[PDB]
Amino acid sequence: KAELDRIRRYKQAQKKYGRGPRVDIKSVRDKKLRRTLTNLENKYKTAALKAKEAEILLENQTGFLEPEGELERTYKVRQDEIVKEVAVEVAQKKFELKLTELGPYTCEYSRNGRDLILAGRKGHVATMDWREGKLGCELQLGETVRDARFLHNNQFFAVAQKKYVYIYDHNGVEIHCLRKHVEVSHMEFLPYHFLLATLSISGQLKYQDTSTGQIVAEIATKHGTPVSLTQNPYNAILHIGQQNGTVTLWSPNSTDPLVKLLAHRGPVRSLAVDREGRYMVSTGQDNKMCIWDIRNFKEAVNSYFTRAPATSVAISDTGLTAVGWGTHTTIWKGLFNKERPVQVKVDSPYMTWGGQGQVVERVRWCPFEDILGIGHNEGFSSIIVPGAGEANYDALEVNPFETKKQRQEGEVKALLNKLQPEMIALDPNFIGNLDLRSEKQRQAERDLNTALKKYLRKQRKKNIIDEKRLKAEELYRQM
Amino acid sequence: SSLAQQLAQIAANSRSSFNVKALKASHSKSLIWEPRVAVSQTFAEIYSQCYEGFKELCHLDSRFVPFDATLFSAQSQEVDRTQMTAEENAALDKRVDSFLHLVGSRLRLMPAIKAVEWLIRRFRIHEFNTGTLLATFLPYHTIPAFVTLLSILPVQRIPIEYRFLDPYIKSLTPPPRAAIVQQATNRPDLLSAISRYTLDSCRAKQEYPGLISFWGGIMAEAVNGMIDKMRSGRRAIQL
Amino acid sequence: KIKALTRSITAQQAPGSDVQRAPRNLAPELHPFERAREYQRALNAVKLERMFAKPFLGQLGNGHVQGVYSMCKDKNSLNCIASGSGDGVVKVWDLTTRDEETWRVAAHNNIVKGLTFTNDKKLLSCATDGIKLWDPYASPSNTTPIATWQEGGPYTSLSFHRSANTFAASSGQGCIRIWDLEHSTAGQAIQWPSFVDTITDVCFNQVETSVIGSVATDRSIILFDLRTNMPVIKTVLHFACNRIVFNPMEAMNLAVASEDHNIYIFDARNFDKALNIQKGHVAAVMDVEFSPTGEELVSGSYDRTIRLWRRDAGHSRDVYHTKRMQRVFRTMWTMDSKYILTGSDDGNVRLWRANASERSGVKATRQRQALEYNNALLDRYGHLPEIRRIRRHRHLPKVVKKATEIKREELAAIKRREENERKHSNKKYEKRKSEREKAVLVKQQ
Amino acid sequence: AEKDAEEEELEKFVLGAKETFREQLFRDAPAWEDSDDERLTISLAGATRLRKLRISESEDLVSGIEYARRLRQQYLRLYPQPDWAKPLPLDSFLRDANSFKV
Amino acid sequence: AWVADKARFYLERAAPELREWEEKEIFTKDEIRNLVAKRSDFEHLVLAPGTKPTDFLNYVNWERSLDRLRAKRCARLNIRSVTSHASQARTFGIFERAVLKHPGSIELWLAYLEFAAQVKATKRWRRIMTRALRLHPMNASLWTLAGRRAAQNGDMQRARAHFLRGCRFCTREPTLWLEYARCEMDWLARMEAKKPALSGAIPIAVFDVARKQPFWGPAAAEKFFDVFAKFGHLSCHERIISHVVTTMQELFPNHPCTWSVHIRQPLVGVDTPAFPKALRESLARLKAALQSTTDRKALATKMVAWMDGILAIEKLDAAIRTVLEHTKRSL
Amino acid sequence: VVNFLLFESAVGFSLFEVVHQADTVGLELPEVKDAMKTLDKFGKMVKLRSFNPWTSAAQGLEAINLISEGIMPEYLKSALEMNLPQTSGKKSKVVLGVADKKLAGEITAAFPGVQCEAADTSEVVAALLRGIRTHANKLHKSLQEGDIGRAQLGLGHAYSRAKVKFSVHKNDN
Amino acid sequence: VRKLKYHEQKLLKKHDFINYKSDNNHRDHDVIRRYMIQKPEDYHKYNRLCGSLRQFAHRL
RNA sequence: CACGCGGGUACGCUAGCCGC
RNA sequence: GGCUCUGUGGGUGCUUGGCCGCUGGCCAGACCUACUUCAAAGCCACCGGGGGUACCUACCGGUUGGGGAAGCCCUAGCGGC
């Protein structure tokens, strides 16, 4: 039938843009509610259908590489061959900054890929427009530096120093020093909230608002100094990873950890999560890494092994992932395919960036091009990898070519639509569900031989006589 | 400031625009139109005017038909240079160099300046082929067309041998032949560049008496000055 | 086969074009926190509209000496209104220039109980003296009336036909009487057969011609017909009703403003149970008026309030109040269905706006998109706690808040009395009568 | 062809012509011989350096002639054949080194 | 400038036809990317602040050419399901906001009328013509287009009404009045071919009011006589021509134009023995005009233009050829 | 409620068709005044429908003379007959908006099916023509031959000199 | 961030990127810039010493 | 109800018969 | 010939290699995703002074409903304390 592709389109749109199964129209009883729900389900079907139809208007294409012959394989490609075959607009982007005298470097892109910041551990913080090559600010900072990270814009960046943390403006003028956050070793900026979440050495996590300036919630992870930290951006929750071997999922609404997935027998060394929120990859001090389907909280496949304790890991906008271990990094392609219900181990890595004697401090992805930054002890090395990068951004959410007026309107709009910190859970689309206990109590207000033995044992330690206990004792006499 | 130095190296070797102000300025740099309209001038009308000029050029001389096929075509309306690979860029450099050697003879005419205005405003010859473009405009080094080309040239794309035009870009006056021959008798690089350019043109059989007289005069005064430098009296040093 | 993603800045600006391109991908992977950002934009919408609720627009000139006891608009025109005060002066205002009145006259000796515009240009005033017909718009100003009636008893209200030149006056002798202008003199009196008490208000049905609704002080409404000049139906409620008004969009729905502090929407074909019961007031309601778009209601009360209502809500969409307003006596929309008019008892004709946070005039398209987006967003998320409390929270004056807390205590007490009477009486083996059923005491023909 | 000339013109007008633009862009015998080379045999799959010069996923054993061909291909891949591998009196004087004598 | 938003609406309207062309094997995905990119650039240029009717016309030409190429590819691949409906709808949308953004450009109005008359929207064509006449009343070409296409349809009353409003408006140049007389006598000709109108008095009436209209001149009457003298195969044509020449005699007694129409008066239905007798008659009238008291230079320039027409006609006698050459040479 | 409104200008007169009319009750409000002021919120109210230039400066002089005297001219009657829908007010009328009350009366006595509204008497058509006269240089510019300043200059000189009879007895220069 | 409009400011009353309430009106920064102290750690060292001195004065 | 390409009755045209 | 500036290399501390998944290999690299029996011991972990504590948080002591590890018993069990 020629309507086969019609049913295929409708099924695919209902899968992708459905965001929910469907309203069951047949089971409603009131006539007006039946009519308005038929109307609503029709409007939503038309909405998802026209959204899938409008997904054709995307301009760019996702990068890729495939092996031609049977013998040559994908990880045996060299940067020279790539930069000879690829366009010059990214052959410019592939570069290497050499910095040797100021400790190992950690790099961190802003969330629009425009500006980056690199922190050499012994005090050297630099922020630059690496695409254009101009640097915004550079400073020697004196003492050591734990971790640098951009804020919402490329305007303010927060540096995690030896004792306090300091947030700075675009010229590197020091705006102010947060001293409530002592000995900060890991930082993550929840960007749809405005939250700076800092894990100290002491195991005390602190959530500070950046818009208002009051710390929202202090939590004390009672067990162990934290070894790793990242942000699940579909939930904005904090996957931190302790030392006894477990990764714990936290959020600022509870002193107890929300969940605790168990992991490698050593301390977990690095974590990363999908921006879809689907899967988390974690690598331990024991030589394995493993993934997890987060929405069901189980392991997906068997453990992969990396031939050293992995120093860092970070996964791209699309399904690629980069684990930087020892002195050279590797990139895997198909860890967690979204469509498959049962995942599969991949034979070989997608491609590797080789080792010439540089210990890798931290890998990151430039969030919107097909490149990837390594920060190693010899400096910064931005290499290119084709398959990565979300090909089609969204100029309402994040714009890699943002004008001044557009950045100002974006800052004030996100400030108006900041999310209150109480709206954080394991399912971020919940606001509107039934408070079941409240509803049953409201309906109550509108409408108005083994267990009794342990019940009497519980009530014989009060020792209230309790006419319900009296009736229960008479019943137990009757039995 | 080692980081700043390496970054400035990257910023000078960079080729594409990456923020809107740099795009607007690099599109505003023009020959014929003033920058005030060159900002707001889109590619259709540019191709219309300069294709009219190139049509007049084809009715002048015969051998402009391959460039009618490949450089002034309705697809070259749209094609962007910085999105093609290195070998496509190299083949494009060869075609541009052939057209420049061909148009070097009739550069004093408004048709040829319209054609070069197309090449600059679309393929960015003044940023990617500064060596051959600057050598081709070199023999006409008195005319206001050369003054404007000196204006629109970006300072860091000028190669080393032609890096003596910095005071003239600072004060937009056409450099005199004394300056050219003096830089010729000091640096062998400029002299070898001019001679390489003219020998390339004469192999391609697109030479003309203006270029030949220029090259002969510059190398003659250059050899005079270079021998006047080389004379040193000590037998070993003069040998 | 190597190929990476190549993004020039032409995707942000075409060269030579100032237009700011913005490619969009609708992937839910790329736009997170959907429901949460929607709730937050809804909360911002509520806070914005409770900031910008500034409903009071103006006051029609210097007002009257005594209180404004009757008023009526020109259903043919758009900016012609007249108000009859208590000392017996009537004034005709044009709404474009609210500085000084267009035409005033000391009409009667007692209060001006009824008033209306004709269909040509003239107007009618009703007092206990009788009724009179003036022509306010003439190239000479004529203060003398051009027709006068006294016979028929103490007239109480007026209502004019939609198309023809007929109008009905509700008298006090238990009858209404119908005049047809330009060929009648004393008019035909229609009445219930054995009927005594005063018929307070009267109103022609506008959408269906020749159906007259009217309320008498026997706590009863009565429907007439005019093609067959005879009364038709009579229902007795539990309390007296101060006004009846028909619906200008549905032909059969009427609203009675009743001294029960309530506003009832009745169906004229089935008077057995009330269609809807709005209960939001503290004192008696002295006026109700359907919207000319037939979906909102104004009710001006005997206390210092004006309540705006939705047609199927049954509770206060909004409330207006002002220290300078001493009581409220006559409220009516304008034919824009956007500005309401309130004749007070302080002698003022105040002009408020409905939709008290929706500015007028032509809106730019992104602005009207933001407004409609906020409104649809609130229509979805209007029941969560924070949004609910800020959308319901309204400053009421001290006397009204105190008396409405006492009213809630009294109504809860009466409900508990009736509840205990049910539980401990023999009425337990019955179904609870609905209150829409309990509104009508009896119906008779 | 099954395509009209006017149809091809409408093609070049409506849709673009990038393919044809790219097209217009991109417009001794061996004297001596050996016998040990024929006699030799080497295991490409065995030796780990020689693993990278085979053709298919079947080539393990190879005689010395085809082995020499594979090494020549691999040398040419690592370093291309330079263009000088493929009289005038003044040029003869320049290329003579008897002239530059101090 | 919310032109990103407005272009988003128009591209989201254009998307499903492209989905149809992708599910069919008519265009492949690379071509569809080229198409959507070109359409995005066109829509941004169209809705940009600084726009031009040439820009609207080039977008119209591109969309119409895409429709034609799609038709060619469909007929080559033997499909029948894909129609031109969406394409004509979006072309009409482009033209509607085109004439909204630039109402005063008769180039764009004429292109829009040409598009309507091409794709067969006659009622739409009359509506477009009415709006364009309301925006440009003084356009003799537009008035002639309306009247002539209405008479081609057969609406003589509507073609009348168009022409009457036109000559009520455009009173400065007589071009529209000539065109109305031309159409009226063409209607008389169509009736004679079908076989009051037996009189045929409407061109005489047009002449009698043209005499008092403020374009009224000798050369104007000359143009009137020219358009009256075309297609003399009629019934009362001699009556009309005689009334014109008598009116010109009564008004301009010695104008060289009046002498020219007295020269060419008896040559109405000549092409054959009837030709040379009227030729000799007009030759006698011509010699009398050349010897009479009249502006001989202007009259002879009119006559040599007329004889340039005559010599442009072929199949004549060599003797009369040589005597016309002599009489033209003696001027 | 307005449908079409005339507007006599120096180069010629044009009639606009109103779409999404302004509110007559809240006419004295800052929001509606700001909307009248700006151009991006007045072009939604007014859409151009018909234009008529003068044929010659003598005809424009005749226009000013007749219009200021109050009598409509014959070609204005012609243009209104072309643009307005033909009707007599037996069941459906057309509301026009003009400035002069005498011109309103004369157009009403010419066409029975057109009820005119005078800018002297109705504030809504007053504010509407006021906005149009304010933004008049942009609404016509798509078909405005030249500019309006020189036409106003010459037309004012022609009208005032015709009223004065000046060149008959000025020779001192 | 641009100068906040009327409604935008009424919604973001408590918002300012520069001065928090935990920055003490930048008294640290005003004093450091006034007296040329190079080490903000040295400022806070002086500060906690002066704080201990004041609490000893309090107990006395 | 009709709307694409061919041959006919017929063109400075497209109204009508059957196919592709 | 002189001043000034700029760049490159060596030195400014005692001479044992470049790389790696290092008892072996590689500098042309090669192989690539396997293997698995049982989560973890506790403590500590720097914010300037005086001051309020409604809210949240930490700690302590409780309270309703479930929950049953472990301990004890024997009429032996769907057990009993």
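Bear in mind the residue numbers are our own, running from 1 along each chain as written, so they may not match the entry, and residues with no coordinates are left out. Here every chain gets a letter starting at A, and every ligand a number starting at 1, in the order they are written. Note that these chains sit within a larger assembly, yet all values were taken from the shown part only. As a convention, hydrogens and water are excluded, and side-chain values are obtained from all of the structure's heavy atoms. Residues with missing side-chain atoms are left out of burial classes, side-chain pairs and their counts.

**Points about the overall build of chain A**
Phase 1: Helix and strand content of chain A: eight helices and 30 strands.
Phase 2: Projecting the C-alpha coordinates of chain A onto the three principal axes gives extents of approximately 90 × 65 × 50 Å. The numbering of helices and of strands both runs from the N terminus, where a helix is a DSSP run of H or I of at least 4 residues and a strand a run of E of at least 2.

**Some thoughts on the interface of chain C and chain A**
Phase 1: Every residue pair with non-hydrogen atoms within 4.5 Å of one another is taken to be in contact. Opposite the 35 residues of chain C that make contact, chain A presents 57 residues.
Phase 2: Sorting elements by how many residues they give to the side of chain C that touches chain A places helix α1 (residues 34-52) of chain C first, with eight residues.
Phase 3: Here the residues of the side of chain C that touches chain A sort into 17 nonpolar, eight polar and 10 charged.
Phase 4: In terms of strand pairing, strand β1 (residues 64-65) of chain A meets strand β1 (residues 2-3) of chain C through two bridges, oriented antiparallel. Along β1 of chain C, the bridge assignment pairs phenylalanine 64 of chain A with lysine 3 of chain C. Nonpolar residues are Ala, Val, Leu, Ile, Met, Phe, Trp, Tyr, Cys and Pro. Charged residues are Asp, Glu, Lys and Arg, and all others, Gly as well, are polar. Between any two strands, at least two bridges found by DSSP are needed for them to pair.

**What about the interface of chain A and chain B?**
Phase 1: Taken together, the contacts link 21 residues of chain A with 18 residues of chain B.
Phase 2: Looking at the side of chain A that touches chain B, the elements that each hand over two or more residues are α3 (79-85), α4 (88-91), β2 (95-98) and β5 (124-128) of chain A.
Phase 3: Residues that form the side of chain A that touches chain B fall into these classes: 10 nonpolar, four polar and seven charged.

**A word on the protein's contact with RNA strand I**
Phase 1: When at least one non-hydrogen atom of a residue lies within 4 Å of a molecule or strand, that residue is treated as near it. The full set close to RNA strand I counts 53 residues, and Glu183, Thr255, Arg307, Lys454 and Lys462 of chain A are the nearest of them.
Phase 2: Within 4 Å of the protein, the contacting atoms of RNA strand I are drawn from sugar and phosphate to the extent of 55%.
Phase 3: For this analysis, a polar contact is any N or O atom pair within 3.5 Å, provided that within protein one partner can donate a hydrogen and the other can accept it, and provided that sequence-adjacent residues contribute only side-chain to side-chain pairs. Between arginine 78 of chain A and RNA strand I, the recorded distance is 3.3 Å, taken from a side-chain N or O atom to a phosphate oxygen.
Phase 4: Those elements that place two or more of their residues in the surface near RNA strand I are β23 (304-305), β26 (328-332) and α7 (451-459) of chain A, α4 (64-78) of chain D together with α3 (40-59) of chain G.
Phase 5: With seven residues, the single largest contributor to the surface near RNA strand I is α3 of chain G.

**So, the nonpolar core**
Looking at soluble globular proteins, one finds that nonpolar side chains tend to be buried together.
Phase 1: Definition of nonpolar core: a set of buried residues of the types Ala, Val, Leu, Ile, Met, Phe, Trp, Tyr and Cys, connected through side-chain atoms within 4.5 Å. Accessible area is worked out with a 1.4 Å probe on protein chains only. A residue is then buried under 20% of its type maximum, exposed over 50%, and partly exposed in between. In this structure, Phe27 and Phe228 of chain E together with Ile107 of chain F are the most contacted members of the largest nonpolar core, which totals 100 residues.
Phase 2: At seven residues, the largest contribution of residues to this core is made by helix α9 (residues 175-194) of chain E.
Phase 3: Setting aside anything within four residues of it in sequence, one finds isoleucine 107 of chain F in contact with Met72, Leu80, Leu96, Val98 and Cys116 of chain F.
Phase 4: Judged by nonpolar contacts, the second largest core, of 64 residues, contains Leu107, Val116, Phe137 and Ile143 of chain B.

**So, the UniProt feature "repeat: WD" (unreviewed entry) in chain A**
Phase 1: UniProt positions are given in the numbering used here, feature names are shortened, and annotations may be inferred rather than shown by experiment. The UniProt feature table records "repeat: WD" (unreviewed entry) at residues 261-302 of chain A.
Phase 2: Here residues 261-302 of chain A runs as 0% helix and 52% strand, with 15 Å between its end C-alpha atoms.

**Examining the sheet that holds strand β5 (residues 114-118) of chain F**
All names here are of chain F.
Phase 1: As summarised here, the arrangement of the five strands in space is β3-β2-β1-β4-β5, forming an open sheet in which the pairing is mixed. Here the strands that pair on one side only, and so sit at the sheet edges, are β3 (46-53) and β5. The sheet shows a mean angle of 25 degrees between the axes of neighbouring strands, direction not considered.
Phase 2: Alignment of strand β4 (residues 94-98) against β5, held across five bridges, turns out to be parallel. Fitted lines through C-alpha atoms serve as axes, helices being fitted only where they are in contact, and the angles separating the N-to-C directions of these axes extend from 0 to 180 degrees.

**Topic: the pattern of salt bridges**
When the charged atoms of two side chains lie near each other, side chains of opposite charge can form a pair.
Phase 1: Throughout this description, the term salt bridge denotes a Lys or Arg side-chain nitrogen within 4 Å of a carboxyl oxygen of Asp or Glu. Taken as a whole and judged by the stated rule, the model has 35 salt bridges over all chains.
Phase 2: Between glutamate 378 of chain A and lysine 98 of chain A there is a salt bridge, and its shortest N-O distance comes to 2.5 Å. In this pair, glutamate 378 of chain A sits in the loop between β29 (371-376) and β30 (379-384) while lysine 98 of chain A sits in strand β2, placing the two residues 280 residues apart along the sequence.
Phase 3: For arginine 158 of chain E, the salt bridge is made with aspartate 155 of chain E, and the minimal N-O distance between the two is 2.8 Å.
Phase 4: Judged by its relative accessible area of 28%, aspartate 155 of chain E is partly exposed.
Phase 5: A network of salt bridges, in which partner residues are shared, links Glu7 and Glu11 of chain D together with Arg73 and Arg76 of chain E.

**A short note on unusual backbone geometry**
Phase 1: Cis peptide bonds are those with omega within 30 degrees of zero, and the linkage from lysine 462 of chain A to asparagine 463 of chain A qualifies with 10 degrees.
Phase 2: Residue placement: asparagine 463 of chain A occurs in the loop between α7 and α8 (467-478).
Phase 3: In this structure, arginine 124 of chain B is a non-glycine residue whose phi angle is positive, near 60 degrees.
Phase 4: Tracing the sequence through the fold places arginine 124 of chain B in the loop between α7 (110-123) and α8 (125-128).
Phase 5: In this structure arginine 124 of chain B comes out as buried when scored by relative accessible area, which is 15%.
Phase 6: A positive phi angle is found at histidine 20 of chain F, which is not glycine, with a value near 60 degrees.
Phase 7: Along the chain, the position of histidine 20 of chain F falls in the loop between β2 (12-18) and α1 (30-37).

**Here we look at the side chain of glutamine 278 of chain C**
Phase 1: Within the fold, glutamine 278 of chain C resides in strand β22 (residues 276-279).
Phase 2: Look past the residues within four positions of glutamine 278 of chain C in its chain and what remains in contact with it is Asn262, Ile263, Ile265, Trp309, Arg310, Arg311, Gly314 and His315 of chain C.

**Some points on the sheet that holds β2 of chain A**
Strands belonging to one sheet form pairs held by backbone hydrogen bonds; the direction of such a pair is parallel or antiparallel.
Residues and elements named next belong to chain A.
Phase 1: The strand order across the open sheet formed by four strands is β2-β30-β29-β28, and the pairing between neighbours is antiparallel. Edge strands, defined here as strands with exactly one partner in the open sheet, are β2 and β28 (360-365). Averaged over all adjacent pairs, the angle separating strand axes in this sheet is 15 degrees, with direction ignored.
Phase 2: Relative to β30, β2 is paired through four bridges, and the arrangement is antiparallel. Among the inter-strand pairings, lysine 98 is bridged to a residue of β30, identified as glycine 379.

**Describing the pairing of β2 of chain F**
Residues and elements named next belong to chain F.
Phase 1: Where burial is concerned, most of β2 is hidden: six out of the seven residues are buried.
Phase 2: Judged from the five bridges that link them, strand β1 (residues 4-8) and β2 form a sheet pairing that is antiparallel. Residue pairing across strands places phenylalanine 4 opposite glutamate 17, the latter belonging to β2.
Phase 3: Hairpin connection, β1 to β2: the antiparallel pair is bridged by three residues.
Phase 4: Examined bridge by bridge, β2 and β3 share seven bridges and lie antiparallel to one another. Looking at β3, one finds that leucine 15 is bridged to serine 50.

**Observations concerning the packing of helix α12 (residues 177-186) of chain B against helix α14 (residues 209-230) of chain B**
A packed helix pair is summarised by two numbers, namely the angle formed by the two axes and the spacing between the axes.
Residue and element names in this part refer to chain B.
Phase 1: Taken N-terminus to C-terminus, the directions of α12 and α14 make an angle of 55 degrees; their axes are 8 Å apart at the nearest point. The angle between the axes of α12 and α14 places the two elements in the oblique class. In this structure, α12 meets α14 at a crossing whose hand is right-handed. Between α12 and α14, the contacting residues are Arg177, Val181, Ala184, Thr185 and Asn186 on the first element and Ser213, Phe214, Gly217, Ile218, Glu221, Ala222, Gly225, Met226 and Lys229 on the second.
Phase 2: Taken together, the residues of the contact of α12 with α14 break down into six nonpolar, five polar and three charged. Angle categories: roughly parallel below 35 degrees, roughly antiparallel above 145, roughly perpendicular from 65 to 115, and oblique for all the rest. Helix crossings get a hand from a simple test, with the near helix turned counterclockwise from the far one by less than a right angle marking a left-handed crossing and a clockwise turn marking a right-handed one.

**Re α4 of chain D**
Phase 1: Under the 1.5 Å per step criterion, the end-to-end length of α4 of chain D is 21 Å for 15 residues, consistent within 8% with the ideal 21 Å.
Phase 2: Residues of α4 of chain D that are buried in the fold lie against α3 (36-39), β1 (41-43) and β2 (61-63) of chain D. A helix is expected to span 1.5 Å for every residue after the first.

**Overview of a negative patch on the surface**
Phase 1: Residues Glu33, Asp34, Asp36, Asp37 and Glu38 of chain D make up a contiguous surface patch of negative charge.
Phase 2: Following the sequence through the fold, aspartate 37 of chain D ends up in helix α3. What goes into a patch is any residue over 30% in relative accessible area without a salt bridge, connected to like charges within 9 Å or, for nonpolar side chains (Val, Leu, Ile, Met, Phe, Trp, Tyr), within 5 Å. Reported accessibility uses the Shrake-Rupley method at a 1.4 Å probe radius. Residues are deemed covered only where the shown protein chains occlude them. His is not counted, nor are the chain ends, whereas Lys and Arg count as positive and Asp and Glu as negative. Charge positions come from single atoms, namely NZ of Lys, CZ of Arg, CG of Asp or CD of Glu.

**Brief notes about a positive patch on the surface**
Phase 1: A cluster of basic residues, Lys162, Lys163, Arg179 and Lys180 of chain A together with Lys39, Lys45 and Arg48 of chain G, forms a positive patch on the protein surface.
Phase 2: Structurally, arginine 48 of chain G can be placed in helix α3.
Phase 3: Owing to a relative accessible area of 54%, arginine 48 of chain G belongs among the exposed residues under this scheme.

**Quick notes on the state of the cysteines**
Phase 1: The disulfide criterion used throughout: a pair of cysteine sulfur atoms within 2.5 Å. If you walk through the whole model with that rule in mind, you get zero disulfides over all chains.
Phase 2: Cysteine 366 of chain A takes part in no disulfide bond, and the closest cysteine sulfur, belonging to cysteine 107 of chain A, lies 10 Å away.
Phase 3: Of all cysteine sulfurs, the one in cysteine 177 of chain A lies closest to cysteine 50 of chain G, which takes part in no disulfide; the gap is 17 Å.

**Considerations on the environment of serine 83 of chain C**
Residue and element names in this part refer to chain C.
Phase 1: With respect to the helices and strands, the residue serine 83 is situated in strand β4 (residues 80-85).
Phase 2: Each C-alpha atom of the pair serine 83 and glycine 343 lies 7.8 Å from the other, and the pair is 260 residues apart in sequence.
Phase 3: Ignoring sequence-local partners within four residues, the contact set of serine 83 consists of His64, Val68, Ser70, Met71, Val89, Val90, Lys91, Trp93, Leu115 and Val349.
Phase 4: Within polar-contact distance, the side chain of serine 83 engages the side chain of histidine 64 at 2.5 Å.

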